[PDB]
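Engineer: Before I ask anything, here is the structure I am working with.
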Number of protein chains: 2
Amino acid sequence: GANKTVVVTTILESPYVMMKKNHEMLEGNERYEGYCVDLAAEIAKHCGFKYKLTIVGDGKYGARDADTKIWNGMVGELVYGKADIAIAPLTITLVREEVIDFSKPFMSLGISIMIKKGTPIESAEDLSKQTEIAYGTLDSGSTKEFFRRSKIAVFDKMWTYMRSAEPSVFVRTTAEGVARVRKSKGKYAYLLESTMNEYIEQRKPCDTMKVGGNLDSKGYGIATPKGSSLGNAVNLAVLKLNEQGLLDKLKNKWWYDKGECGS
Amino acid sequence: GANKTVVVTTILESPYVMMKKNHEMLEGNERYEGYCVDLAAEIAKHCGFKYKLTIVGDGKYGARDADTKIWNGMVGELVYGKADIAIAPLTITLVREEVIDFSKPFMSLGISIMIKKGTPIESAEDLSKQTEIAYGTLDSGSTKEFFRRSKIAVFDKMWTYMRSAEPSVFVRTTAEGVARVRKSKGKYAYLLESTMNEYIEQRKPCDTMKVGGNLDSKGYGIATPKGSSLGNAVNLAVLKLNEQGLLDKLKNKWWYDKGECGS
Ligand SMILES: N[C@@H](Cn1c2c(c(=O)[nH]c1=O)COC2)C(=O)O
Ligand SMILES: N[C@@H](Cn1c2c(c(=O)[nH]c1=O)COC2)C(=O)O
Ligand SMILES: [Cl-]
Ligand SMILES: [Cl-]
Ligand SMILES: [Li+]
Ligand SMILES: [Li+]
């Protein structure tokens, strides 16, 4: 049949996808800006398709309910045919790979520790051995699931701590986690993807930093429904953009070129 | 039909695949040791297959001759049906992805600079601006091809330098590049994959180091013939091993646990 406009699912998460300041004056894809907005346009240009950016209805990345077996988030939108492609900071994981297709990574990263400057923590092991400095994750997504599923002693101990700590150490959004670090006088450390930690470190008021090495290594991938014809071309586009240096330029654009915390 | 033993193609490259010191006493897969030997065994265990390690006949990773259109190296062995899987430090690239299937990365890396300690170089830009300190790559493989194909100004200038420099700045093997760094009194710098640079930095006589950031970001993948049924299971195995922390343990085993240059 004739070509159709490709439905892209994504999520509002700075600096990946944001509504422009003047969005009310604008329409369609032009209402949005960010790393993933630019990436979507580059992929579409390379693959020769028209597309529509849509925002995932339930605000989630993607997980399967153990009782109903239903997939939520952007993964669910692909699984159930509501979107054709997901372009977002979506981690490639085994359980997702079983149900959707993923490109090779467009960004390599790991779980990391964000502290308020001056907090006496240098590693996950440091956090695990104490409780005075509380620590936690988003309440949904691959960072939380890493701890929940880990059989590594330090990370299992951290998960047991997080489930039992009071008040709750979980946050609903990145913005809430960052604000909690900033307002807690050194008594909250936030576990988050290194990409995001690096971005926030270059935002005013310049009071956070990434400490220690990453806890894992992984990647974000562009996702399509399993077996979708679009997957091959999208994957080749990711590889081409990487090989041309354009993914590095895009990260610099959104993370560092207008960083707010000096040079 | 009945299950058959899987033919693995690999390449002798320390610390990925090496003949054991006592190999003449041994037979079959047990003659070999290294990171990729251990990885092959883990993948086979997870996927439930028996396998035979074989060494690529032509000693190459994989490229296509522009005139004959023939693929060489491990890629060629897959393309032409001589092997079922390649398990090696094989870079995921666009041109290879078009002809073979790749798992998600089992190791993330980039091109990097190896210097003899004390060489006054900190970046690729530093190298590009001078000729007193000669610099080059392997004479085959993805590092060489990165420079040959680059449209980035610094790297294009470096390639033009490398093609025209005398004596030849290219080397046939990693061992030759390392020996050339070590014997050239600071007047040769070697461009190589960061993984390998990190390994050599922990080998006696402890006279080399990695300097500067990496020039690119990419990954090694397990490769199978395009459309091979084995690809799905192998990819899931890579993701599982990564998520369990086993790939990190394997790198530590072969790079750092018995490093020769201190703690
Ligand atoms: N990438 C994750 C979602 N996620 C995200 C951030 C984080 O600190 N931890 C996560 O789990 C920051 O941006 C997204 C997924 O795919 O579930
Ligand atoms: N990974 C490359 C081959 N390669 C390799 C090393 C290097 O410094 N540069 C390369 O090009 C070290 O070990 C392999 C390929 O797949 O062609
Ligand atoms: Cl349409
Ligand atoms: Cl057989
Ligand atoms: Li998948
Ligand atoms: Li491929």
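Chain lettering (A, B, ...) mirrors the order of the structure tokens, residue numbering begins at 1 for each chain separately, and ligand numbering begins at 1 in order of display.
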Tell me, counting only C-alpha atoms and all ligand atoms, for each residue of chain A within 10 Å of ligand 6, which pair of atoms is nearest and how far apart they are in Å to one decimal, in rows ordered by chain and increasing number, as JSON lines.
Structural biologist:
```
{"residue": "A:232", "atom": "CA", "partner": "ligand 6", "partner_atom_place_in_ligand_line": "1 (Li)", "distance": 8.1}
{"residue": "A:235", "atom": "CA", "partner": "ligand 6", "partner_atom_place_in_ligand_line": "1 (Li)", "distance": 8.9}
{"residue": "A:236", "atom": "CA", "partner": "ligand 6", "partner_atom_place_in_ligand_line": "1 (Li)", "distance": 8.5}
```
Engineer: How would the residues just chosen look if you wrote them out with N, CA and C atoms as a compact mmCIF listing (two decimals), in the first residue's frame?
Structural biologist:
```txt
# COMPACT_ATOMS: atom_id res chain seq x y z
N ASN A 232 15.11 -2.28 10.13
CA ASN A 232 16.42 -2.38 9.48
C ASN A 232 16.93 -1.00 9.11
N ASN A 235 17.94 1.15 12.13
CA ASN A 235 19.21 0.72 12.71
C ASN A 235 20.39 1.19 11.87
N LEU A 236 20.30 1.03 10.55
CA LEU A 236 21.37 1.53 9.69
C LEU A 236 21.54 3.04 9.84
```
Engineer: Would you please give, as a PyMOL selection string, all residues of range 46-261 of chain B that DSSP assigns to strand (DSSP E) based on the backbone?
Structural biologist: chain B and resi 51-55+85-86+100-102+107-109+111-116+134-136+188-193+208-211+218-220+223-225
Engineer: Taking the chain letters and numbering used in this document, name the residues of range 79-236 of chain A that DSSP puts in alpha helix (DSSP H), as a count of residues only.
Structural biologist: 55
Engineer: Counting only C-alpha atoms, which residues of chain B come no farther than 9 Å from chain A, as number ranges by chain?
Structural biologist: B: 92-95, 97-98, 102-105, 107-108, 146, 150-152, 216-219, 232, 235-240, 242-245, 248
Engineer: Generate the output file for the selected residues, N, CA and C atoms, as a short mmCIF file (atom, residue, chain, number, x, y, z; two decimals), in the first residue's frame.
Structural biologist:
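New file part34.cif:
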```cif
data_model
loop_
_atom_site.label_atom_id
_atom_site.label_comp_id
_atom_site.auth_asym_id
_atom_site.auth_seq_id
_atom_site.Cartn_x
_atom_site.Cartn_y
_atom_site.Cartn_z
N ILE B 92 30.99 -3.42 15.44
CA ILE B 92 29.73 -3.23 14.75
C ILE B 92 29.85 -1.97 13.90
N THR B 93 29.78 -2.13 12.58
CA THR B 93 29.83 -1.02 11.64
C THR B 93 28.68 -1.14 10.66
N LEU B 94 28.34 -0.01 10.05
CA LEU B 94 27.23 0.01 9.10
C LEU B 94 27.45 -0.96 7.95
N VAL B 95 28.62 -0.92 7.31
CA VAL B 95 28.78 -1.77 6.12
C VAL B 95 28.73 -3.25 6.48
N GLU B 97 26.97 -4.44 9.11
CA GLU B 97 25.59 -4.69 9.52
C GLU B 97 24.70 -4.97 8.32
N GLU B 98 25.02 -4.40 7.16
CA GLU B 98 24.24 -4.67 5.97
C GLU B 98 24.32 -6.11 5.50
N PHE B 102 24.30 -8.79 13.94
CA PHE B 102 25.11 -8.54 15.12
C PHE B 102 24.23 -8.53 16.36
N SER B 103 24.73 -9.12 17.44
CA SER B 103 24.15 -8.88 18.75
C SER B 103 24.32 -7.42 19.16
N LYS B 104 23.56 -7.02 20.17
CA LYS B 104 23.88 -5.80 20.89
C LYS B 104 25.30 -5.92 21.45
N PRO B 105 25.95 -4.79 21.74
CA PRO B 105 27.37 -4.85 22.11
C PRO B 105 27.63 -5.65 23.38
N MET B 107 30.86 -5.22 24.53
CA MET B 107 31.92 -4.35 25.03
C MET B 107 31.82 -3.03 24.27
N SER B 108 31.82 -1.91 25.01
CA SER B 108 31.73 -0.55 24.48
C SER B 108 33.12 0.09 24.55
N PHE B 146 38.09 3.94 9.88
CA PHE B 146 37.57 5.16 10.47
C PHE B 146 38.26 6.37 9.87
N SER B 150 36.66 9.16 7.14
CA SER B 150 36.15 10.27 7.93
C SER B 150 36.06 11.53 7.09
N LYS B 151 34.98 12.27 7.30
CA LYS B 151 34.81 13.61 6.78
C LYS B 151 35.02 14.68 7.84
N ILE B 152 35.38 14.30 9.06
CA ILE B 152 35.70 15.26 10.12
C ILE B 152 37.09 15.82 9.86
N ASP B 216 35.90 8.20 19.06
CA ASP B 216 34.57 7.76 18.68
C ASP B 216 34.03 6.86 19.79
N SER B 217 32.78 6.44 19.62
CA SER B 217 32.12 5.51 20.52
C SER B 217 31.57 4.41 19.63
N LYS B 218 31.77 3.16 20.03
CA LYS B 218 31.20 2.05 19.30
C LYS B 218 31.23 0.81 20.17
N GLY B 219 30.91 -0.34 19.57
CA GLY B 219 30.81 -1.57 20.31
C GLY B 219 31.28 -2.76 19.50
N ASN B 232 18.97 -14.69 17.48
CA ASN B 232 18.10 -14.21 18.56
C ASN B 232 18.60 -14.69 19.91
N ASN B 235 21.90 -13.06 21.01
CA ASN B 235 21.72 -11.69 21.46
C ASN B 235 21.12 -11.64 22.87
N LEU B 236 20.09 -12.46 23.12
CA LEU B 236 19.53 -12.51 24.47
C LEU B 236 20.58 -12.94 25.48
N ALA B 237 21.45 -13.89 25.11
CA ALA B 237 22.52 -14.31 26.01
C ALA B 237 23.47 -13.16 26.34
N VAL B 238 23.86 -12.37 25.34
CA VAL B 238 24.72 -11.22 25.60
C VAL B 238 24.05 -10.27 26.59
N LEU B 239 22.77 -9.96 26.36
CA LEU B 239 22.07 -9.05 27.26
C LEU B 239 22.00 -9.62 28.67
N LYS B 240 21.73 -10.92 28.80
CA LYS B 240 21.67 -11.54 30.12
C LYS B 240 23.02 -11.47 30.82
N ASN B 242 25.39 -9.39 30.36
CA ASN B 242 25.66 -8.03 30.76
C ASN B 242 24.88 -7.67 32.02
N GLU B 243 23.58 -7.98 32.03
CA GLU B 243 22.71 -7.62 33.14
C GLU B 243 23.11 -8.33 34.43
N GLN B 244 23.71 -9.52 34.34
CA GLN B 244 24.17 -10.23 35.52
C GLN B 244 25.53 -9.75 36.01
N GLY B 245 26.18 -8.83 35.30
CA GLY B 245 27.48 -8.35 35.69
C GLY B 245 28.63 -9.22 35.22
N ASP B 248 31.36 -7.56 32.92
CA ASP B 248 32.29 -6.75 33.70
C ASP B 248 33.30 -7.62 34.44
#
```
Engineer: If the limit is 7 Å from any atom of ligand 2, counting only C-alpha atoms and all ligand atoms, which residues qualify? Return them as a compact mmCIF listing (two decimals) with N, CA, C and O atoms, in the first residue's frame.
Structural biologist:
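To be explicit, this is the file written out as out24.txt:
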```
# COMPACT_ATOMS: atom_id res chain seq x y z
N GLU B 13 44.28 -12.92 19.17
CA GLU B 13 44.47 -11.52 19.53
C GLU B 13 44.40 -11.48 21.05
O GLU B 13 43.34 -11.73 21.61
N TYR B 61 39.41 -9.13 10.08
CA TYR B 61 38.14 -8.89 10.76
C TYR B 61 36.99 -8.92 9.76
O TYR B 61 36.08 -9.74 9.87
N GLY B 62 37.02 -8.05 8.75
CA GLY B 62 36.06 -8.13 7.67
C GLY B 62 35.86 -6.85 6.89
O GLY B 62 35.39 -5.85 7.44
N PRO B 89 36.86 -9.58 19.00
CA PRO B 89 36.72 -8.10 19.14
C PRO B 89 36.41 -7.47 17.79
O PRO B 89 37.24 -6.81 17.17
N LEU B 90 35.17 -7.71 17.35
CA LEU B 90 34.67 -7.37 16.02
C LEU B 90 33.73 -6.18 16.15
O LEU B 90 32.67 -6.28 16.75
N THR B 91 34.13 -5.06 15.56
CA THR B 91 33.36 -3.83 15.66
C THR B 91 32.09 -3.87 14.83
O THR B 91 32.09 -4.27 13.67
N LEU B 138 46.73 -0.07 12.61
CA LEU B 138 46.78 -1.32 11.87
C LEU B 138 46.53 -1.07 10.38
O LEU B 138 45.86 -0.11 9.98
N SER B 140 44.73 -2.92 8.45
CA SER B 140 43.44 -3.50 8.11
C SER B 140 42.55 -3.32 9.33
O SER B 140 43.05 -3.34 10.45
N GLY B 141 41.24 -3.18 9.12
CA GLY B 141 40.28 -3.18 10.21
C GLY B 141 39.58 -1.85 10.40
O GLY B 141 39.80 -0.89 9.67
N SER B 142 38.71 -1.82 11.42
CA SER B 142 37.82 -0.67 11.58
C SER B 142 38.55 0.60 12.02
O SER B 142 38.07 1.69 11.71
N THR B 143 39.67 0.50 12.73
CA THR B 143 40.40 1.71 13.10
C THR B 143 40.96 2.40 11.86
O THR B 143 40.77 3.60 11.68
N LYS B 144 41.61 1.64 10.99
CA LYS B 144 42.10 2.21 9.75
C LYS B 144 40.94 2.79 8.94
O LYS B 144 41.04 3.91 8.41
N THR B 174 48.72 -5.80 16.33
CA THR B 174 48.78 -5.05 17.58
C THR B 174 50.16 -5.15 18.21
O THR B 174 50.72 -4.15 18.66
N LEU B 191 47.41 4.55 17.17
CA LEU B 191 45.96 4.71 17.27
C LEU B 191 45.33 3.33 17.25
O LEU B 191 45.53 2.57 16.29
N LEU B 192 44.59 3.00 18.30
CA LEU B 192 44.07 1.65 18.48
C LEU B 192 42.81 1.70 19.35
O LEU B 192 42.53 2.69 20.02
N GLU B 193 42.09 0.59 19.36
CA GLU B 193 40.87 0.52 20.16
C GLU B 193 41.19 0.62 21.65
O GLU B 193 42.17 0.06 22.14
N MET B 196 42.03 -2.38 23.87
CA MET B 196 43.39 -2.89 23.72
C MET B 196 44.40 -1.98 24.42
O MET B 196 45.34 -2.45 25.07
N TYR B 220 31.68 -3.81 20.22
CA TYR B 220 31.90 -5.13 19.64
C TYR B 220 30.61 -5.93 19.76
O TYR B 220 29.95 -5.90 20.80
```
Engineer: Give me, as a ChimeraX atom specification, all polymer residues having an atom no more than 10 Å from residue 159 in chain B, counting only C-alpha atoms and skipping those fewer than 5 positions away in the same chain.
Structural biologist: /B:128,136-137,144-150,153-154,164-165
Engineer: Just the residues within 12 Å of residue 125 in chain B, please, counting only C-alpha atoms, with nothing from its chain fewer than 3 positions along; format it as a list in words.
Structural biologist: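 Here the answer would be residues 113, 121, 122, 128, 129, 130, 152, 153, 154, 155, 156, 157, 158, 212, 213, 214 and 215 of chain B.
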Engineer: Go ahead and dump the residues you just picked, N, CA and C atoms, as an mmCIF file, in the first residue's frame.
Structural biologist:
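Writing done, so here's result-v1.cif:
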```
data_model
loop_
_atom_site.group_PDB
_atom_site.id
_atom_site.type_symbol
_atom_site.label_atom_id
_atom_site.label_comp_id
_atom_site.auth_asym_id
_atom_site.auth_seq_id
_atom_site.Cartn_x
_atom_site.Cartn_y
_atom_site.Cartn_z
ATOM 1 N N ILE B 113 44.492 6.869 21.703
ATOM 2 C CA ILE B 113 45.908 7.104 21.446
ATOM 3 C C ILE B 113 46.741 6.404 22.515
ATOM 4 N N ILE B 121 51.935 14.595 23.868
ATOM 5 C CA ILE B 121 50.704 14.521 23.090
ATOM 6 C C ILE B 121 49.569 14.240 24.067
ATOM 7 N N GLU B 122 48.454 14.964 23.915
ATOM 8 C CA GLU B 122 47.275 14.779 24.753
ATOM 9 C C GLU B 122 45.993 14.534 23.980
ATOM 10 N N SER B 128 47.541 15.747 14.955
ATOM 11 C CA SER B 128 47.239 16.211 13.611
ATOM 12 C C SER B 128 48.039 17.436 13.222
ATOM 13 N N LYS B 129 48.464 18.235 14.199
ATOM 14 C CA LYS B 129 49.130 19.502 13.946
ATOM 15 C C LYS B 129 50.635 19.368 13.780
ATOM 16 N N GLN B 130 51.178 18.154 13.794
ATOM 17 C CA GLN B 130 52.627 17.986 13.787
ATOM 18 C C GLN B 130 53.004 16.711 13.040
ATOM 19 N N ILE B 152 35.384 14.296 9.061
ATOM 20 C CA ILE B 152 35.696 15.255 10.116
ATOM 21 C C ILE B 152 37.088 15.823 9.860
ATOM 22 N N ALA B 153 37.221 17.149 9.951
ATOM 23 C CA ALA B 153 38.447 17.805 9.494
ATOM 24 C C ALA B 153 39.706 17.237 10.140
ATOM 25 N N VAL B 154 39.718 17.093 11.462
ATOM 26 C CA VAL B 154 40.929 16.621 12.129
ATOM 27 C C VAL B 154 41.294 15.219 11.655
ATOM 28 N N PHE B 155 40.304 14.335 11.547
ATOM 29 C CA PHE B 155 40.585 12.946 11.207
ATOM 30 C C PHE B 155 40.940 12.786 9.734
ATOM 31 N N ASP B 156 40.323 13.584 8.858
ATOM 32 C CA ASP B 156 40.700 13.603 7.450
ATOM 33 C C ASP B 156 42.141 14.061 7.279
ATOM 34 N N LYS B 157 42.550 15.084 8.038
ATOM 35 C CA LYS B 157 43.932 15.539 7.995
ATOM 36 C C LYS B 157 44.875 14.446 8.480
ATOM 37 N N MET B 158 44.487 13.744 9.538
ATOM 38 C CA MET B 158 45.283 12.626 10.023
ATOM 39 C C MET B 158 45.416 11.530 8.973
ATOM 40 N N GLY B 212 44.218 11.204 26.435
ATOM 41 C CA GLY B 212 43.107 11.888 25.805
ATOM 42 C C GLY B 212 41.831 11.081 25.856
ATOM 43 N N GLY B 213 40.765 11.698 25.364
ATOM 44 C CA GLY B 213 39.513 10.996 25.225
ATOM 45 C C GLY B 213 39.509 10.137 23.993
ATOM 46 N N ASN B 214 38.498 9.294 23.895
ATOM 47 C CA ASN B 214 38.364 8.475 22.706
ATOM 48 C C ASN B 214 37.873 9.327 21.539
ATOM 49 N N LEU B 215 38.227 8.898 20.328
ATOM 50 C CA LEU B 215 37.870 9.649 19.130
ATOM 51 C C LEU B 215 36.457 9.348 18.656
#
```
Engineer: Do you know which residues are at most 12 Å from residue 59 in chain A counting only C-alpha atoms, after dropping those on the same chain fewer than 4 positions away, and could you put them as a ChimeraX atom specification?
Structural biologist: /A:9-13,54-55,63,72-77,88,139-141,172-173
Engineer: Residues up to 9 Å from ligand 3, counting only C-alpha atoms and all ligand atoms: could you list those as a list in words?
Structural biologist: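 Listed by chain and ascending number, the contacts are residues 2, 3, 4, 5, 6, 50 and 51 of chain A.
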Engineer: For residue 8 in chain B, work out the shell of residues within 9 Å, counting only C-alpha atoms and skipping chain neighbours fewer than 5 positions away, then give it as a PDB file with N, CA, C and O atoms, in the first residue's frame.
Structural biologist:
```
ATOM      1  N   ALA B  40      32.571 -17.225  24.653  1.00  0.00           N
ATOM      2  CA  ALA B  40      31.981 -18.262  23.816  1.00  0.00           C
ATOM      3  C   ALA B  40      31.365 -19.357  24.673  1.00  0.00           C
ATOM      4  O   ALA B  40      30.253 -19.826  24.397  1.00  0.00           O
ATOM      5  N   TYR B  51      29.927 -26.452  20.372  1.00  0.00           N
ATOM      6  CA  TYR B  51      30.619 -25.600  19.414  1.00  0.00           C
ATOM      7  C   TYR B  51      32.076 -26.004  19.261  1.00  0.00           C
ATOM      8  O   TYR B  51      32.658 -26.663  20.120  1.00  0.00           O
ATOM      9  N   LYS B  52      32.663 -25.551  18.156  1.00  0.00           N
ATOM     10  CA  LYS B  52      34.066 -25.762  17.833  1.00  0.00           C
ATOM     11  C   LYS B  52      34.690 -24.410  17.523  1.00  0.00           C
ATOM     12  O   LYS B  52      34.239 -23.711  16.613  1.00  0.00           O
ATOM     13  N   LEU B  53      35.739 -24.060  18.254  1.00  0.00           N
ATOM     14  CA  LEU B  53      36.499 -22.854  17.960  1.00  0.00           C
ATOM     15  C   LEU B  53      37.452 -23.096  16.794  1.00  0.00           C
ATOM     16  O   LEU B  53      38.254 -24.032  16.824  1.00  0.00           O
ATOM     17  N   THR B  54      37.368 -22.235  15.788  1.00  0.00           N
ATOM     18  CA  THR B  54      38.229 -22.241  14.618  1.00  0.00           C
ATOM     19  C   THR B  54      38.819 -20.844  14.465  1.00  0.00           C
ATOM     20  O   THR B  54      38.235 -19.849  14.908  1.00  0.00           O
ATOM     21  N   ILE B  55      39.977 -20.774  13.824  1.00  0.00           N
ATOM     22  CA  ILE B  55      40.699 -19.521  13.640  1.00  0.00           C
ATOM     23  C   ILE B  55      40.547 -19.068  12.186  1.00  0.00           C
ATOM     24  O   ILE B  55      40.845 -19.825  11.257  1.00  0.00           O
ATOM     25  N   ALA B  83      31.392 -20.387   8.610  1.00  0.00           N
ATOM     26  CA  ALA B  83      31.240 -20.400  10.054  1.00  0.00           C
ATOM     27  C   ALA B  83      29.808 -20.018  10.378  1.00  0.00           C
ATOM     28  O   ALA B  83      29.136 -19.353   9.588  1.00  0.00           O
ATOM     29  N   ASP B  84      29.366 -20.411  11.571  1.00  0.00           N
ATOM     30  CA  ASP B  84      28.025 -20.123  12.060  1.00  0.00           C
ATOM     31  C   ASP B  84      27.945 -18.888  12.945  1.00  0.00           C
ATOM     32  O   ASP B  84      26.877 -18.281  13.056  1.00  0.00           O
ATOM     33  N   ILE B  85      29.050 -18.516  13.594  1.00  0.00           N
ATOM     34  CA  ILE B  85      29.078 -17.395  14.521  1.00  0.00           C
ATOM     35  C   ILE B  85      30.513 -16.924  14.597  1.00  0.00           C
ATOM     36  O   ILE B  85      31.444 -17.719  14.496  1.00  0.00           O
ATOM     37  N   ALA B  86      30.698 -15.616  14.767  1.00  0.00           N
ATOM     38  CA  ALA B  86      32.010 -15.031  15.017  1.00  0.00           C
ATOM     39  C   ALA B  86      31.995 -14.433  16.412  1.00  0.00           C
ATOM     40  O   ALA B  86      31.107 -13.639  16.735  1.00  0.00           O
ATOM     41  N   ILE B  87      32.980 -14.805  17.229  1.00  0.00           N
ATOM     42  CA  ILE B  87      33.089 -14.344  18.614  1.00  0.00           C
ATOM     43  C   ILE B  87      34.511 -13.808  18.757  1.00  0.00           C
ATOM     44  O   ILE B  87      35.465 -14.581  18.877  1.00  0.00           O
TER      45      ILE B  87
END
```
